[PDB]
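Peer 1: experimental structure below, sequence on top.
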Amino acid sequence: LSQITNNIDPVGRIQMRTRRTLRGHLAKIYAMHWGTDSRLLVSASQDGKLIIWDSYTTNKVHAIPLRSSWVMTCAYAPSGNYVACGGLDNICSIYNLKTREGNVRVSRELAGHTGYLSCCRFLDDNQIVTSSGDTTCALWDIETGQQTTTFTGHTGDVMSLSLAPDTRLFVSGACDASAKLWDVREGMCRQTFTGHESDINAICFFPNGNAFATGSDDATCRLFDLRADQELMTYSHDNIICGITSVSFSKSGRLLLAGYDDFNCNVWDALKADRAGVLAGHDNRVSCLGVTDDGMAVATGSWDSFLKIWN
Amino acid sequence: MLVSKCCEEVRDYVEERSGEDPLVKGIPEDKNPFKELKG
Amino acid sequence: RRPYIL
Amino acid sequence: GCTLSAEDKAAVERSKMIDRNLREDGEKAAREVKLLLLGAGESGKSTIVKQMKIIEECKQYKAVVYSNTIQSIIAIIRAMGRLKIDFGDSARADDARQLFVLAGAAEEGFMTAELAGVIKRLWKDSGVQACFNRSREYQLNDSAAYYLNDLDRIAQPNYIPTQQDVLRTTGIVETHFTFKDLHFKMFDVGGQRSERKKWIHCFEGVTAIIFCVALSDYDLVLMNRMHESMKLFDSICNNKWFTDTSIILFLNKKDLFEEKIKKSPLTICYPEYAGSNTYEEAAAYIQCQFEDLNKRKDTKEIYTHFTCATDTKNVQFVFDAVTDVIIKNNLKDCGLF
Amino acid sequence: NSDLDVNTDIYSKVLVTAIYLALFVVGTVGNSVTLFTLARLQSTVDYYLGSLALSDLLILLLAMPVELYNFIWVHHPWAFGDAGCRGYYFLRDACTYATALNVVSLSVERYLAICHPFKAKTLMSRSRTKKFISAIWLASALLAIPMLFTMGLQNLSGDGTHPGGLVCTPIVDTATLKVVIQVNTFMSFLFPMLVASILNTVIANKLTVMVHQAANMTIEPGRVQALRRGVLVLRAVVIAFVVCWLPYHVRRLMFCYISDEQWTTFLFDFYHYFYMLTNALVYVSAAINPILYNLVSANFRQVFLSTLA
């Protein structure tokens, strides 16, 4: 990609200031998800709690206590009614938000896996995809509680998963050095993209839902294209050997993000692969970083219980 | 499927959308919702 | 001749 | 402070409320003591955990119990239409209708006398039972019978769910055993099977790994199984996340090892061993065989113990070891050393 | 005309003030770098470390330059004023009480963290610990308000009217002065002394019976050897506390206990030279609390040369 498009200009160094510092957690912030109103972000920590934050004014709107402190994912509903959280206890619990009583309660404690639940997203308010430790992606209905389609096909463990924005199809990144493009309706694989040396610790989808970037542990982000079935861009450089732990595109697709085990977020130009920014606010592993859907902010949670919101 | 054509498609799409991007362009701090809010 | 400084 | 139309303050005060409860649980997040378990073989891990376990929350699950019960009976009734099973007594048709009316108008799981009566009568009906017995033909909660058979108790106005009720609503098996006034945790992790590399840094910050090893697995061959436990102890004791955390080392089934070392020698397990074929020298040699695997001797320290499926001085020993891993850990942060 | 001016010669004076200035610069730079480092999980000991560091920085930067400015060179006609002297001795007594109580509660936190560690997991929390930090600061202020209730100005010229004969002295009578400085020495030296010494001997005893008896391999005697370096960083703090805050309090109580019948001219000179010696030892303690926390542990040595360079 970058060998073709180097005729255009680069956007220079992007200076991102720590606009907010959402303190409050007591352990490692393992995953976060932005809302769809660009204002409430849920983030889950391995001390038990998942906190729904008001990002505009640094306020903890909700603090949901789990039955199992081990959580490894979260997802905020597009309609804002539900919030999912799964983990090592294999039960991707769906909690409610717009309750008449007004206290967060467990709407469902869905089960059906024999591995840990790695990463879950919401298709609609009544359908959830979860990626698991027993190597099978899963698409669940919250009401009946049963797995609508359990996508088998991964040989090794599958560590993350991300939706295309049109909620019709998704991509699951696994430890077999390959991301598989699943589909909701047909229930089977469309394409299986390889090209990695090692595992895939996190994945995300570029706005058009015609691309996605895999976050490996060899510090090599790889933008893939769906229809061609080949690796498109190899975001990599020397002096970064640590593991990628979340990827996040921007609203325009120009500015990809990454969060490393090098203790600092790396902001990559998606067209020229240069490290166009460094977000070194933390002192430990950047587990999760998200870009809100309107494209205004960037929030980032890391293993030091700090959620820094960088504009 | 002619990888040059699809990465060119990615390029023209992102060049179409890179104008009104609220992150790579920047903020004027009044249209920004994330002012530092001394209070 | 007592000191005053403490 | 401009108070911002007297609702934002409320939101801000909401956060302070959150903070209070959050900080309190953070206090108990320090107070409870964590303990990972890992055994390559079966190792008497069930024997260990039953040796340790021998020495308002439920209310939160009430509407879940109700929900599950409503879901179960609806599943059966609906299946009757699909499988063309008639009610035993045609009168149950009115009750079936009423079920859907009552579930249909409610916000979430609930129970009233009226609903309890409708579900009770449906569940006792012979057609409903015949459909129930064909449940493999549709999708039905495992706990359907458990709740429906106990409906009378569950429907009482002051119903409080029991532990079993909650359990009825295959990975980490948490164990909240308490010992000597002090509250612990214990994670029986080895039940679930996945890539051990990915989720092990979730267990960073545990205060003591309990690495239970079977002793009599020195001769079962798939590759010897004791060498597989040696490789597991290598990849757990030389991991970058457990550099500062010690490892308790339980060697279990010692009487089975006594009779099997009285029958077969140990040289089948180790070619480079030529000591005496006694109990204590073999035990000390295999203990020093495990403790030699510590590549990071300065920071952590493998403690050792032997037992059979007896010897209830096991449990307090963990306390001993937890003391000898709390104390030393405080010596690495309290300004000393 | 300027009587009550002691003849202290300039060579010993400039030696003492050179010792003072070197003590001041190394102490304020050490307390500055350790306060910024602790401003840079069971972290309930870093607050006691930073509080003792802030107390030492405060006593140094508030007393010591004003001390050389109006206590060794500029004698009894001073220039700080009434509120200056009263607030100065208020801050001095408050910082002494704060350093004493910091040694007390740091040793108490160490004793709970080793010899009864489950009671430290149950009892000690970061919130409570910040509450205790505010509590010992408020206890220092509440026990330093009698220093505001006892100080004042007094003219001691030939008629008590000359503006070159007024001193800033304790203006209360001898008996109440005795009482306030006797309870000052009693609490703020002796109860820290016995508490810190008893708990540090018990902690060192528990560590020595943990590494000698060992209830396992000692790890080729490497980590337990640096644990005996931790015995050194225990015993060095307690001996530094007693050997620095002993003679200052002895000098305070020898100011109280003599009522001009035991004073001579040479004992007046010896009292003033001993005052320079004891405040030298107080600034010694103010310098070598962060120096003792820095130099003897090589990790602090490396990270503070990284902070410096």
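Peer 2: Ah, there it is. Residues are numbered from 1 along each chain as shown, chains lettered A, B, ... in the order given.
Peer 1: may I see the buried residues of stretch A:8-20?
Peer 2: A:11, A:14, A:16, A:19-20 (16 or more other Cβ atoms under 10 Å in any protein chain shown). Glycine gets a C-beta too; all of them are placed from N, C-alpha and C.
Peer 1: can I get those in CSV with secondary structure and distance to chain C?
Peer 2: Listed next are the buried residues of stretch A:8-20 as CSV, based on DSSP: H, G, I helix; E, B strand; the rest coil; distance: Cβ to the nearest Cβ, whole Å:
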residue, secondary structure, distance to chain C
A:11, coil, 68
A:14, coil, 61
A:16, coil, 57
A:19, strand, 53
A:20, strand, 52
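Peer 1: and chain B, which of the residues you listed contact it?
Peer 2: Restricting the buried residues of stretch A:8-20 to those touching chain B (Cβ under 8 Å from any Cβ of the partner chain) yields A:11, A:14, A:19-20.
Peer 1: please, which helix or strand holds residue E:154?
Peer 2: Element membership of residue E:154 [criterion: DSSP states H and E] is strand E:151-155.
Peer 1: between the buried residues of stretch A:8-20, which is closest to chain B?
Peer 2: Nearest to chain B, judged by Cβ to the nearest Cβ, of the buried residues of stretch A:8-20 is residue A:19 at 4.3 Å.
Peer 1: in the strand holding residue E:154, which residues are buried?
Peer 2: Neighbour-count burial for strand E:151-155 flags residue E:151 (criterion: 16+ other Cβ under 10 Å).
Peer 1: so what secondary structure elements neighbour the next helix or strand after that strand?
Peer 2: Counting by DSSP H and E, the next helix or strand C-terminal to strand E:151-155 is strand E:166-170. Strand E:166-170 is packed against helix E:82-114, strand E:151-155, with contacts defined by 3 or more Cβ pairs under 8 Å, 6 or more residues apart in numbering or on different chains; DSSP states H and E.
Peer 1: note down every partner strand of strand E:166-170 and its orientation.
Peer 2: strand E:151-155 (antiparallel) (DSSP bridges).
Peer 1: not counting the longest helix along chain D itself, show me its contacts.
Peer 2: Assignment by DSSP state H gives helix D:8-31 as the longest helix of chain D. Outside helix D:8-31, the residues within contact range by Cβ atoms under 8 Å, 6 or more residues apart in numbering or on different chains are A:24, A:26-27, A:47-49, A:51, A:54, A:57, A:59-63, A:65, D:3, D:183, E:42, E:121-122, E:125, E:127.
Peer 1: so what's the residue count around residue 239?
Peer 2: Let's take chain A. By the criterion of other Cβ atoms under 10 Å in any protein chain shown, residue A:239 has 7 neighbours.
Peer 1: sorry, should have said chain E
Peer 2: If you count neighbours by other Cβ under 10 Å, residue E:239 ends up with 12.
Peer 1: try residue D:90
Peer 2: The burial count for residue D:90: 9, using other Cβ under 10 Å.
Peer 1: how close does it get to residue D:96?
Peer 2: As for residue D:90, its distance to residue D:96 is 11 Å (criterion: Cβ to Cβ, to the nearest Å).
Peer 1: likewise residue A:144?
Peer 2: On the measure of Cβ to Cβ, residue A:144 and residue D:96 end up 19 Å apart.
Peer 1: who has more neighbours, the two?
Peer 2: Using other Cβ under 10 Å as the criterion, residue A:144 and residue D:96 rank with residue D:96 on top: 22 against 16.
Peer 1: which residues are in contact with the more buried one?
Peer 2: D:77, D:87, D:122.
Peer 1: out of those residues, which one sits closest to chain E?
Peer 2: Using Cβ to the nearest Cβ, residue D:122 comes nearest to chain E of the contacts of residue D:96, at 52.1 Å.
Peer 1: who's in contact with the closest one?
Peer 2: Counting by Cβ under 8 Å, 6+ apart, residue D:122 touches D:73, D:76-77, D:92, D:95-96, D:99, D:128.
Peer 1: what's the helix or strand for it?
Peer 2: Per DSSP H and E, residue D:122 falls inside helix D:113-124.
Peer 1: how about the CA coordinates for that helix, as PDB?
Peer 2: This file holds the C-alpha atoms of helix D:113-124, laid out as PDB (Å, rounded to 0.1, in the frame of the first residue of the first chain):
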ATOM      1  CA  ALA D 113     -49.600 -16.500  43.100                       C
ATOM      2  CA  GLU D 114     -51.600 -16.400  39.900                       C
ATOM      3  CA  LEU D 115     -48.500 -17.200  37.800                       C
ATOM      4  CA  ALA D 116     -47.400 -19.900  40.200                       C
ATOM      5  CA  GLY D 117     -50.800 -21.500  39.900                       C
ATOM      6  CA  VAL D 118     -50.700 -21.400  36.100                       C
ATOM      7  CA  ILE D 119     -47.200 -22.900  35.900                       C
ATOM      8  CA  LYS D 120     -47.900 -25.600  38.600                       C
ATOM      9  CA  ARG D 121     -51.000 -26.800  36.800                       C
ATOM     10  CA  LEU D 122     -49.200 -26.900  33.400                       C
ATOM     11  CA  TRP D 123     -46.200 -28.800  34.900                       C
ATOM     12  CA  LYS D 124     -48.400 -31.500  36.500                       C
END
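Peer 1: gap between it and the chain center?
Peer 2: Distance of helix D:113-124 from its chain centroid, counting by Cα atoms, centre = their mean, to the nearest Å, is 35 Å.
Peer 1: just the buried residues from the contacts of residue D:122, in ChimeraX please.
Peer 2: This is the ChimeraX syntax for the buried subset of the contacts of residue D:122, where burial follows 16+ other Cβ under 10 Å:
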select /D:73,76,77,92,95,96,99,128
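Peer 1: okay, the contacts of residue D:122 in a markdown table with secondary structure and distance to residue E:296 next?
Peer 2: Output for the contacts of residue D:122, formatted as a markdown table (DSSP: H, G, I helix; E, B strand; the rest coil; distance: Cβ to Cβ, whole Å):
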| residue | secondary structure | distance to residue E:296 |
| --- | --- | --- |
| D:73 | helix | 73 |
| D:76 | helix | 75 |
| D:77 | helix | 78 |
| D:92 | helix | 84 |
| D:95 | helix | 82 |
| D:96 | helix | 82 |
| D:99 | helix | 77 |
| D:128 | helix | 80 |
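Peer 1: surely residue E:291 is in contact with residue E:30?
Peer 2: Yes - with contact defined as Cβ atoms under 8 Å, residue E:291 and residue E:30 form a contacting pair (5.7 Å).
Peer 1: more neighbours: which of those two?
Peer 2: More crowded of residue E:291 and residue E:30, by other Cβ under 10 Å: residue E:30, with 25 against 16.
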